[PDB]
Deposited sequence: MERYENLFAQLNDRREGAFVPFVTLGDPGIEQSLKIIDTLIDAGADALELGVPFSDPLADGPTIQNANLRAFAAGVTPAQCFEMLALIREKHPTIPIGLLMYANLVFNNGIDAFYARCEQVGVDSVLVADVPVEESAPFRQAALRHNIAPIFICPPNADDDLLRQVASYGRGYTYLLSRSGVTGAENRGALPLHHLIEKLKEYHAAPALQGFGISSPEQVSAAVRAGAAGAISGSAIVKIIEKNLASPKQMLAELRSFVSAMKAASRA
């Protein structure tokens, strides 16, 4: 989790927001994915959120569903994803890397062993999509024992008890899906929560600047990067160019 603390301190010194793209590991194949991820960082991504393909995702929208399926077409396995993660970390010492996992892939061979493997490959955070704070204890605990930030979603439907819990239990950043937006941000700060990244449908520069004005620490683009991959499957070159352009623009909007 320390990579997040250092990142946010540095961004705060530059009076800058974070821009964090999501991509599925191994979409549309392992080698193209590694190139995509390098392009995102080179173009200005401050941190990454990376998905591991899962057979039966019940919490992803169509764009992500389709990416999930492509990565299977390339035969991508969790083992291969962890090989990719070690490579990515070896190239990029300071970029925080967060995973977006389904519970069964964490639970499969033992929760502790999952987080130990995350630590070995140099992952910084894990968001488990289908584990609410109410069920989070063994995940949080294993994350913290292995120096991994457990990330929690703060939903639009969030009450005070939930704000207090997410503030208490989360580390790294709070994943905000956005009661009034600036109010949630104020309450999360009152409760000493991890810095908030707004993740609701972030697809344009003006939403990044809006997030920064609302006093969030930055913005996560949950599916816009994946859409670019999907549109450009026939041309890997054009794919990288359009991803570079998009990320450049989004990061520019964070420099507020």
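- Unmodelled region of the deposited chain sequence (numbering from residue 1): 179 to 190 only.
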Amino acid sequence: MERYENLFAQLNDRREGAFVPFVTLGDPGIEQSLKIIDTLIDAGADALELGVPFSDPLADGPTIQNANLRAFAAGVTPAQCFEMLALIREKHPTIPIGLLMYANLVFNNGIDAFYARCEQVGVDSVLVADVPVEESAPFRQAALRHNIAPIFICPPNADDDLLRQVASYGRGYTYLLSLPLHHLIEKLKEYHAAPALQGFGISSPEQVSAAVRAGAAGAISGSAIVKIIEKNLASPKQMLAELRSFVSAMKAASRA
From here on, numbers count along this sequence of modelled residues.
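Between two forms, the rigid core is defined as the largest C-alpha subset superposing within 1.5 Å.
- After superposition on the rigid core, the larger root-mean-square Cα deviation in 8 other deposited structures of this protein belongs to 150 to 158, not to the other of 150 to 158 and 111 to 119.
- The rigid core fit leaves 220 to 228 as the farther-lying stretch in 8 other deposited structures of this protein, judged by Cα positions and set against 220 to 228 and 27 to 35.
- Modelling of residue 179 is missing from a third or more of the other compared entries in which both of its neighbours are modelled.
- Of the two segments, 25 to 33 and 184 to 192, the one listed with the higher mean B-factor is 184 to 192 (C-alpha atoms only).
- Comparing 231 to 239 with 16 to 24, the higher mean C-alpha B-factor in the PDB entry belongs to 231 to 239.
- Note on 124, 135, 160, 130: the highest value goes to 160, judged by CA B factor as recorded.
- You'll see in the entry that, of 205, 222, 53, 218, the Cα B factor peaks at 222.
- Ranked by C-alpha B-factor against the other modelled residues of its chain, residue 197 falls in the lowest third.
- Among all modelled residues in its chain, residue 39 ranks in the middle third by Cα B-factor.
- Ranked by Cα temperature factor within the chain, residue 256 sits in the highest third according to the deposited record.
- Looking at the C-alpha B-factors along this chain, the one for residue 97 belongs to the lowest third.
- The PDB entry assigns residue 1 a C-alpha temperature factor belonging to the highest third of its chain's modelled residues.
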